[PDB]
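Asks: experimental coordinates follow, after the sequence.
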Amino acid sequence: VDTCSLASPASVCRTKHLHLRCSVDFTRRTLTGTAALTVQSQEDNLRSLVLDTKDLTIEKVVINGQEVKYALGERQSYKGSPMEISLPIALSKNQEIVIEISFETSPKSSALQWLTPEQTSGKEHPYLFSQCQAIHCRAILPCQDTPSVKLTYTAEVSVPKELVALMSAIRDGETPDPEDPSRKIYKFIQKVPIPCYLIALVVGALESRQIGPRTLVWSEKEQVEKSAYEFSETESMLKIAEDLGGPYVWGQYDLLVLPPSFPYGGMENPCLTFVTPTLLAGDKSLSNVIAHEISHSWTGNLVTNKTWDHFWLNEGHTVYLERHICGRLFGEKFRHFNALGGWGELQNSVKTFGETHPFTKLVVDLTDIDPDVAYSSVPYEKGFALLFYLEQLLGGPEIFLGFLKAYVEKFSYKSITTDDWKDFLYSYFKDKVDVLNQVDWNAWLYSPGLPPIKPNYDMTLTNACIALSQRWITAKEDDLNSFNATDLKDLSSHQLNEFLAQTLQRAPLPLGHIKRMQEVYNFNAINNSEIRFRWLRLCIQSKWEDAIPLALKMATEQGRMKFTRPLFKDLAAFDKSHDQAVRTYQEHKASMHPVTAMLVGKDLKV
Ligand SMILES: c1ccn(CCOc2ccc3[nH]ccc3c2)c1
Ligand SMILES: [Yb+3]
Ligand SMILES: [Zn+2]
C-alpha cells in the first residue's frame, strides 16, 4: 500500500509507457500538452481507474479516438486531487490501452521552478527546471505517482528556439516547430523502465562540454569551464561503480549544473544527473556528491523502493556504494573517516528530532505525512550504519560487496520493500544465518533514536580534528594567543570541515573564541560551501553580530536546502537577527523554489 498516492495501485493496473507531447510557455509559466499513457489492466472486467494529479487543469481525456468521462475528486492537501477515468470498454486482465490526457500545469506547480532572466547567469533568457522526487510528478502530468510502477517514455518538447531542452532520457533529435517557427521541438527516449519520480526536464540557455567517453557537462556558458574541471573524476567513478554494481545500463551519464536555487546537492535523473552549483569548490573536494548520484544508477534507479516508507533502501545502499567509490579513489582510511563523519550527522539529526521521534526510525510510516516534511539524514546515515555494521559482522567489505552486486542483479528493474531486502540478505548469507540472527532487527528497522550498536571506525584521519576541536572547547581566554594559522597546516579541506562539525556539536562557544578563530584561521575567506556553512552556523549560534549579513547572504544567494534551512533557523533563533531573518524570507519567498519556500516558512513559523 502506497499511502502517498491516490492512484489505482499496481495490483489493479499499470502504466507501461508514457508519450509526452508538450510546449513550455514562459509567458504563462505553464506546460501544456498531452500525456498518452499505455496502461495494462491487472484485473478482469476493469471499467475505471484513478490517476494522481496536483494543480493540473484537465481539458479532455481520449481513448479510441473519443472523449470519455472523468472526474476530479476533492484536493487532499499535498497529495493533490485524484482523477477517476471512465473506460469506454471493460478490459480483461493483461489487456493494454492508450489513454491520451490533454492537460496544462499551474504556475505554482510544486514540481517546477520558473526563473526570470535576472535569476540566471546570462541575464538574457529565462530558465525552467523540474524536481519530481518524491511525489511531484503529479504536479506536471497525470500519472500513477508511485515508485511501485515502472514505465518507459518518449517525449517531444516545444520551446523558444534560442533555448535548449534536456530530459532524463537519450536525446533523440531536434527540429523547428511546424506549429510555430519561433520554436524548436526537442525529442527524447528512455528505453529503460523507470519510476515516474525520475522523469525530469530542464529548459534554458545551456551549453555543453565533453569530459569523458560517456559524459557531457551541461550548464549556462558562465559555468561550463569550472564545472568541467570540478567533475573531471566522473568517468573514473563510473568505472569503479560498474566494478561494484555490474554494467551501467543507461547509455549516457551526463551532468547538469543547475542555477543556485536548485534545492538538493543532486538528483539522480537517469542519463542526466542534476547537481547544485554549490559543488563548485574549485578543487574537486565535494565530488562525493557525484559518486553518490552515480551510485543511484544501480541503487535507486535499477532497484527501487516500492513505496517511500522504504526510502532507506534507495539512500542507505547509495551512501554505502558512494563511500566505497571514494575509498577506492583515496583509500580505506578515508572511507572510515567519511563513515564516522556520517555517524556524527546521524547524531545531529536524532538530537534535532528527538530520540523518540517517528522520523528517526529507519522504516517510516508516511500515512498523512508529507515526504518533504519528513525528509532528513536518517534514511541516509542510519541506513548506511546498518550496512556498515552488517559488513563488519559478515566478514568485511569484499564479502559484503559480493552481496551488494548479487542484490542489484536480483532486483534490477523491480520495486521492493525492506522485507524483500532482508529475505534476500538471509538467502545470500544462508551459511551465516546464525550471525544474522544476532542482529536486533526490530530496533534497527523499526525503533526511533540512535542504532542499538555503533560500528567500529578507523580513527586515523579523525584524531587531528577531534584534538583541535577539544583545544578550542577547553581553552580559556589566556589560551587564545597559542592558536595560530599553523594549526591547520596538515589538515585537508575534509578535515577542516570535520573540525568545524565537531566544534559545532558543542556550540555556542564564547564570542571571544569565535573572534579569535577568524583572526587566526580567516574562515571568512573560505568559499567551500560545506565549510562556510558550518563556520557561519558556529558564528551565529555563538552570537557574533558581524556574521549576520554573511549568513543572510549565503542563505539567499543559493537555495540548497541543506544550507538555506539551518541558516534561516539559526538566524531566527538569534534575537539580534530574528526580525531581519523573517523580513528577508518574506521578501524572497515569491521568487524561491516552491518546496523550499514552503519548508523555510514552516521552519520560521511564518
Ligand atoms: C533528495 C533529492 C530529492 N529529494 C526529495 C525528497 O524525497 C523524499 C523521498 C522519500 C522520503 N521518505 C521520507 C522522506 C522522503 C523524502 C531528496
Ligand atoms: Yb589559564
Ligand atoms: Zn541519494
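Replies: Okay, I see it. Residues are numbered from 1 along each chain as shown. Ligands and ions are numbered 1, 2, ... in the order given.

Asks: going forward, measure contacts and count neighbours with C-alpha atoms only.
Replies: OK.

Asks: report the buried residues of the helix or strand harbouring residue 381.
Replies: According to DSSP states H and E, residue 381 maps onto helix 378-394. Buried residues in helix 378-394, counted by 16 or more other CA atoms under 10 Å: 378-391, 393-394.

Asks: which one of those residues sits closest to ligand 1?
Replies: Nearest to ligand 1, judged by CA to the nearest ligand atom, of the buried residues of helix 378-394 is residue 379 at 7.7 Å.

Asks: how about the closest one, nearest residue that isn't a chain neighbour?
Replies: Of all residues not flanking residue 379 in the chain, residue 312 sits nearest, at 4.3 Å (CA to CA, 6 or more residues apart in numbering).

Asks: tell me the domain ranges of this protein?
Replies: Annotated domains of the chain cover 12-204, 205-301, 302-458, 459-606 [curated CATH domains].

Asks: got the end-to-end distance for the longest one?
Replies: If I follow you right, that is domain 12-204. 39 Å (CA to CA, to the nearest Å).

Asks: touching ligand 1 at all, it?
Replies: Yes - shown here: domain 12-204 in contact with ligand 1 (CA under 6 Å from any ligand atom) through 133-134.

Asks: contacting residues for residue 566?
Replies: residue 537 (CA atoms under 8 Å, 6 or more residues apart in numbering).

Asks: kindly list the longest helix within this protein.
Replies: Longest helix in the chain by number of residues (criterion: DSSP state H): helix 332-353.

Asks: and the angle from that helix to helix 378-394?
Replies: 130 degrees (axes from the mean of the first three to the mean of the last three CA atoms, to 10 degrees).

Asks: what's helix 332-353 in contact with?
Replies: Contacts of helix 332-353 (CA under 8 Å, 6+ apart): 323-324, 326-327, 359-360, 376-378, 381-382, 385, 449-450, 457-462, 498, 505.

Asks: from those, which land in helices?
Replies: Reading helices off the contacts of helix 332-353 with DSSP H, I get 323-324, 326-327, 378, 381-382, 385, 498.

Asks: would you confirm that residue 404 contacts residue 245?
Replies: Yes - Residue 404 is within contact range of residue 245, at 7.3 Å (criterion: CA atoms under 8 Å).

Asks: how about the ones in helices among the contacts of helix 332-353 in TSV, adding distance to residue 164?
Replies: Listed next are those as TSV, based on distance: CA to CA, whole Å:
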residue	distance to residue 164
323	34
324	36
326	33
327	37
378	37
381	37
382	40
385	42
498	40
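
Asks: between those residues, which is nearest residue 7?
Replies: Residue 7 lies nearest to residue 378 out of the ones in helices among the contacts of helix 332-353, by CA to CA, at 27.9 Å.

Asks: now the residue nearest the centre of the chain: closest residue in space, sequence neighbours ignored.
Replies: Compute the mean C-alpha point of the chain, and by CA atoms, centre = their mean the closest residue is residue 267, 4.5 Å away. Using CA to CA, 6+ apart and skipping the chain neighbours, the partner closest in space to residue 267 is residue 274 (5.1 Å).

Asks: isn't there a strand covering that neighbour?
Replies: Yes - counting by DSSP: H, G, I helix; E, B strand; the rest coil, one finds residue 274 located in a strand.

Asks: run through the bridge partners of it.
Replies: According to DSSP bridges, the partner residues bridging residue 274 are residue 256, residue 267.

Asks: wait, it touches residue 258, no?
Replies: Yes - using CA under 8 Å, residue 274 is in contact with residue 258, at 6.7 Å.

Asks: looking only at neighbour counts, state which of these two leads.
Replies: Using other CA atoms under 10 Å as the criterion, residue 274 and residue 258 rank with residue 274 on top: 28 against 24.

Asks: so the strand or helix carrying residue 400 versus helix 378-394, what angle?
Replies: Taking DSSP H and E as the definition, one finds residue 400 inside helix 397-411. Put simply, helix 397-411 runs at 120 degrees to helix 378-394, going by the same axes, to 10 degrees.

Asks: hmm, back to that, now check the longest helix of the chain, is it near ligand 1?
Replies: No - applying CA under 6 Å from any ligand atom, one finds helix 332-353 separated from ligand 1 by no less than 13.3 Å.

Asks: just the CA trace of that helix, in CSV.
Replies: Provided in CSV are the C-alpha atoms of helix 332-353 (Å, rounded to 0.1, in the frame of the first residue of the first chain):
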residue,chain,number,x,y,z
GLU,A,332,40.3,2.8,3.2
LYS,A,333,41.3,5.2,6.0
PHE,A,334,39.3,8.0,4.1
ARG,A,335,36.3,5.7,3.7
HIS,A,336,36.3,5.2,7.5
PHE,A,337,36.8,8.9,8.1
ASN,A,338,33.7,9.6,5.9
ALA,A,339,31.7,6.8,7.5
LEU,A,340,32.5,8.2,11.0
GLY,A,341,31.5,11.7,9.9
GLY,A,342,28.2,10.3,8.8
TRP,A,343,27.5,8.8,12.2
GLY,A,344,28.1,12.4,13.5
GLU,A,345,25.4,13.7,11.1
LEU,A,346,23.1,11.0,12.4
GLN,A,347,23.7,12.1,16.0
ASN,A,348,22.8,15.6,14.9
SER,A,349,19.5,14.5,13.2
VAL,A,350,18.4,12.4,16.2
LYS,A,351,19.2,15.2,18.7
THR,A,352,17.3,17.7,16.4
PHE,A,353,14.2,15.5,16.0
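
Asks: give the buried residues for that helix.
Replies: By 16+ other CA under 10 Å, the buried positions in helix 332-353 come out as 333-350.

Asks: next helix or strand past it?
Replies: Remark: after helix 332-353, the chain's next helix or strand is helix 371-374, criterion DSSP H and E.

Asks: mind listing what's buried in that next one?
Replies: Result for helix 371-374 [16+ other CA under 10 Å]: buried residues residue 371.

Asks: ok, and what's touching the helix or strand containing residue 151?
Replies: Per DSSP H and E, residue 151 falls inside strand 150-160. Under the criterion CA under 8 Å, 6+ apart, residues 15-25, 165, 177, 182-196, 203, 413-414 lie in contact with strand 150-160.

Asks: which of those residues fall in strands?
Replies: Those of the contacts of strand 150-160 mapping onto strands are 15-25, 165, 183-195, 203, 414, per DSSP state E.

Asks: out of the contacts of helix 332-353, which end up buried?
Replies: By 16+ other CA under 10 Å, the contacts of helix 332-353 give 323-324, 326-327, 359-360, 376-378, 381-382, 385, 449-450, 461-462, 498 as buried.

Asks: can you spell out which helices and strands pack onto the helix holding residue 400?
Replies: Here helix 397-411 touches helix 234-245, helix 378-394, helix 418-428, going by 3 or more CA pairs under 8 Å, 6 or more residues apart in numbering; DSSP states H and E.

Asks: these: which one's closest to residue 148?
Replies: helix 418-428 (13.4 Å).

Asks: same for that closest one, what does it pack against?
Replies: Under the contact criterion of 3+ CA pairs under 8 Å, 6+ apart, helix 418-428 touches helix 397-411.

Asks: mind listing what's buried in the helix it packs on?
Replies: 400-401, 403-409, 411.

Asks: list the contacts of it.
Replies: In contact with helix 397-411 (CA under 8 Å, 6+ apart) are residues 244-246, 298-299, 302-303, 390-391, 394, 421, 424-425, 428.
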